[PDB]
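Reading through the structure tokens given below for one structure.
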Amino acid sequence: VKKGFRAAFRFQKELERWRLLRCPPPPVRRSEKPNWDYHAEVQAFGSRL
Amino acid sequence: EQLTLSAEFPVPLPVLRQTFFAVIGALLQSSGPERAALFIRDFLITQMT
Amino acid sequence: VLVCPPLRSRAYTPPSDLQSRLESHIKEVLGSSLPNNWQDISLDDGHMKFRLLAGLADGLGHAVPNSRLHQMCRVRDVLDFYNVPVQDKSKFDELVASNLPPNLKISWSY
Amino acid sequence: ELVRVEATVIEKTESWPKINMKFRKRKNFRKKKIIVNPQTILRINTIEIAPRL
Amino acid sequence: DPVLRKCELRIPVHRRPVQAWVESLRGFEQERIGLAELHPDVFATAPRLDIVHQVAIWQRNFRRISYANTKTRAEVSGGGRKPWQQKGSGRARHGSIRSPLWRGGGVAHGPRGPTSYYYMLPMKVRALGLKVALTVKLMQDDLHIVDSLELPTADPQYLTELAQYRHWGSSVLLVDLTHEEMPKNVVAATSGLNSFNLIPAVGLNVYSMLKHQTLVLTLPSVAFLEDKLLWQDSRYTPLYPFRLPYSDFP
Amino acid sequence: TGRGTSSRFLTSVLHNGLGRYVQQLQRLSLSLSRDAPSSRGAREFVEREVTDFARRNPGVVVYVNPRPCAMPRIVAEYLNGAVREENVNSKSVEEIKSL
Ligand SMILES: [Mg+2]
Ligand SMILES: [Mg+2]
Ligand SMILES: [Mg+2]
Ligand SMILES: [Mg+2]
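Note that the protein sequences, when read in sequence, are chains E, P, F, V, G and X. Read left to right, the first sequence gives residues 31 to 79 (the authors' numbering). Read left to right, the second sequence gives residues 176 to 224 (the authors' numbering). Read left to right, the third sequence gives residues 50 to 159 (the authors' numbering). Read left to right, the fourth sequence gives residues 156 to 208 (the authors' numbering). Read left to right, the fifth sequence gives residues 45 to 294 (the authors' numbering). Read left to right, the sixth sequence gives residues 2 to 100 (the authors' numbering).
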């Protein structure tokens, strides 16, 4: 048992990657995910075009 | 697709198609025929290249 | 069973009637009817400096920091120092209330 | 006068990493460089001619 | 009745003195009760942060003793005989089962025994560091000169609220002239507080000043500190240890 | 490395330059810490350059989230559905602005 938590922290990230590949997550609409404001998104839609 | 409001995600194609033309309709009312004609040329006529 | 006065803000804005209040204190402390060249009266006397600065802090509410006392050589310096505003607003706080474009959004999670 | 060709700038990007590893005795796996270059993409729009031969 | 203090020692003619507000702790609002002068050579030295770095590191390192240890191949149990003969076996040549190459063998280059890190900085250099630290706190508005440490009540809560009222830092270091005579009220209030610490004047050091946000000095201590530090300037080298009798030195 | 990696042909998202050019980037997210030496450069970028960048590019929605953080990070999302993520740990204002 080596001293330190940084290697343990890194490995948790890789276990996350492996799990995603084997069991892909079901799709979700972007509204549910963070960083969403409906009013601002609509205005940018027009200006984009 | 991101801005659509519906009860099912991913949005079914008939629902997605309908919202697309509704947007063109809203553009027609706001800015009139000449603008919309450019819109159809740029995004729909291009697809026959 | 003592009690504590509520905390204050640390923001100070130069009062409009700065000249009137400043000179009025000077005449009272000097008691000499505003001699000409009043702006250049030396503050080297210890007793004079305490009375002028102590009274001003109580009334206005703003006091000279310990670092800046040695610079207050003449009455002009006291006049100059009190005419600069002090605001405690954060640089972020100014940014929020600065007429941000429509496509910029900010949120404070602290 | 004869010919006019017009184009448009579509994308400004960088290349994928390219590996350069010189041949030397005691090569080693860490004596290596990665080269990435900037790139740009143009779309040709029109070609026009005029009767001035 | 303003409290006005003047430096006992002679200020250089070319240097103007510096001043600070005298305060008292008897009430929440007795912020200003006097005006005081401080010797420029103490509280207005050049801002040298390299010297502050040296004295802080000296304090931390001159006490260090490390107790890490390892055994060499000589001190591990057993290992006397030659395991097998040089030729014929077809194994690698070996002469002891306790060499560093073997499992359970000795360590080739490991820590050896208790080791000390002792050294001493020159006395003038250590004295200079104290002046620079005092200057830094004043110029950054973290120093508060006070006439005395007397307190109205011994409740610890009162002292904490007072610090909040006057915009002090989360950690406060309080200095008094001597240990034996420190007021009873202060001792009871501080003893129960982790971040408010009370020390005598002779215990002042660069390291504690950096650790604590704001410094509080009583007026008698200010004269005490001024005397000792300025003596280091304008002195001879020692003929023999200063604790021995001298013509004009305590 | 070519035989060890995938490849593709040159293309454009929706014939970008034929009729009208449309900017593909549509969203930026930046996370910060109030008081942390690592994120000092990102803080200055918000103070100076964030607003000006938003005006020059009006089709991009920008989100700024101060919170207790260990590494400041930027997330960029595009119309075709791609997502890209970059660490901004202890970088200068000029580095972030050019990025
Ligand atoms: Mg032996
Ligand atoms: Mg033998
Ligand atoms: Mg041997
Ligand atoms: Mg062993």
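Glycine residues also receive a C-beta, built at the ideal position from the N, C-alpha and C atoms.
Beta-carbon neighbours of residue i, restricted to chain X and to distances below 8 Å
i, result
"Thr163/V", "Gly18, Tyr22"
"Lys138/F", "Those within 8 Å of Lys138/F in chain X number zero; the least Cβ separation is about 13 Å."
"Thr224/P", "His16, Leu19"
"residue 80/E", "Residue coverage of chain E in this structure runs from 31 to 79, which leaves residue 80/E outside it and unanswerable."
"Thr221/P", "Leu15, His16, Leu19, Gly20"
Per-residue contacts from residue i into chain F (C-beta, under 8 Å)
i, result
"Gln73/E", "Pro151, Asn152"
Continuous beta strand (DSSP E) stretch holding residue i: start and end
i, result
"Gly78/G", "78–82"
"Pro193/V", "193–204"
"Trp65/G", "62–67"
"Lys188/V", "188–190"
"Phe240/G", "240–244"
"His138/G", "Unbroken run through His138/G: none, as it is neither H nor E."
"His69/E", "Here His69/E belongs to no beta strand (DSSP E); instead the alpha helix (DSSP H) covers 68–78."
"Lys167/V", "158–169"
"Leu187/G", "187–190"
"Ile55/G", "Premise fails: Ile55/G is in no beta strand (DSSP E) and is neither H nor E."
"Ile75/X", "74–79"
Rounded C-alpha distance that separates residue i from residue j
i, j, result
"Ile202/V", "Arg216/P", "20 Å"
"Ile90/F", "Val78/F", "12 Å"
"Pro67/X", "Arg125/F", "43 Å"
"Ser133/G", "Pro155/G", "36 Å"
"residue 3/G", "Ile189/G", "What is shown of chain G runs 45 to 294, which leaves residue 3/G out entirely."
"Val164/V", "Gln194/V", "11 Å"
"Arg92/G", "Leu174/G", "11 Å"
"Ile243/G", "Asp220/G", "7 Å"
"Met223/P", "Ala55/X", "35 Å"
"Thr62/F", "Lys272/G", "43 Å"
"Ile174/V", "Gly5/X", "12 Å"
"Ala112/G", "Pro158/G", "7 Å"
"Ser82/F", "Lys76/F", "6 Å"
"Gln27/X", "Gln201/G", "54 Å"
"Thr89/G", "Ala177/G", "9 Å"
"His74/F", "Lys140/F", "36 Å"
"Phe218/P", "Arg21/X", "9 Å"
"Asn241/G", "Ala171/G", "23 Å"
"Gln257/G", "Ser110/G", "31 Å"
"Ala198/G", "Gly236/G", "11 Å"
Alpha helix (DSSP H) segment containing residue i, residue limits
i, result
"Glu95/X", "94–99"
"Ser235/G", "228–235"
"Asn90/X", "Segment: none, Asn90/X is in no alpha helix (DSSP H) and carries neither H nor E."
"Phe195/P", "188–218"
"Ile75/F", "67–79"
"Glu270/G", "263–276"
"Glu176/P", "No alpha helix (DSSP H) holds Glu176/P; DSSP gives it neither H nor E."
"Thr52/X", "51–57"
"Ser181/P", "No alpha helix (DSSP H) contains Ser181/P, which DSSP labels as neither H nor E."
"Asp94/G", "93–105"
"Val180/G", "167–183"
Within chain E, the residues that residue i reaches when beta carbons sit closer than 8 Å
i, result
"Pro73/X", "In chain order: nothing, as chain E lies at least about 15 Å away."
Check whether residue i and residue j have beta carbons under 9 Å apart
i, j, result
"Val86/G", "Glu270/G", "yes"
"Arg59/E", "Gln24/X", "no"
"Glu45/X", "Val94/X", "yes"
"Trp102/G", "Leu118/F", "no"
"residue 296/G", "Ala103/F", "No information on residue 296/G is available, as it lies outside the stretch 45 to 294 that chain G covers here."
"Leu29/X", "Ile75/X", "yes"
"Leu202/P", "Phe75/E", "no"
"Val63/X", "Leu153/F", "yes"
"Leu149/F", "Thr52/X", "yes"
Beta-carbon neighbours of residue i, restricted to chain P and to distances below 9 Å
i, result
"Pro57/E", "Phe184, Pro185"
Chain P contact residues for residue i, given Cβ-Cβ distances below 8 Å
i, result
"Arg60/E", "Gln177"
Interface partners of residue i on chain F, CB under 9 Å
i, result
"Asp45/G", "Near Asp45/G there are no residues of chain F at all, since even the closest Cβ is about 10 Å away, more than 9 Å."
"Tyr79/X", "Correct list: empty, because the minimum Cβ distance to chain F is about 16 Å."
Proximal chain X residues relative to residue i, where beta-carbon distance stays under 9 Å
i, result
"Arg216/P", "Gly20"
"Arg207/V", "None at all; the shortest Cβ gap to chain X is about 29 Å."
"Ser158/F", "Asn66, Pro67, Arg68, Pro69"
Beta-carbon neighbours of residue i, restricted to chain V and to distances below 7 Å
i, result
"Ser13/X", "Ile165"
Contacts that residue i makes with chain G (C-beta to C-beta distance below 7 Å)
i, result
"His111/F", "Going along chain G, no residue has its Cβ under 7 Å from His111/F, so there is no contact; the nearest lies around 13 Å."
Contact list for residue i against chain G, beta-carbon separation under 8 Å
i, result
"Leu51/F", "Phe72, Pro196, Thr197, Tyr202"
Where residue i meets chain F, residues with beta-carbon distance less than 7 Å
i, result
"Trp65/G", "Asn115"
"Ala55/X", "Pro150, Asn152, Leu153"
Interface partners of residue i on chain V, CB under 8 Å
i, result
"residue 101/X", "Beyond the ends of chain X as shown, which are 2 and 100, falls residue 101/X; an answer cannot be given."
Closer than 6 Å between the C-beta and any heavy atom of ligand 1: which residues qualify, listed along the chain? Each of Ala118/G, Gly123/G, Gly124/G has a C-beta closer than 6 Å to some heavy atom of ligand 1; these make up the full list, in chain order.
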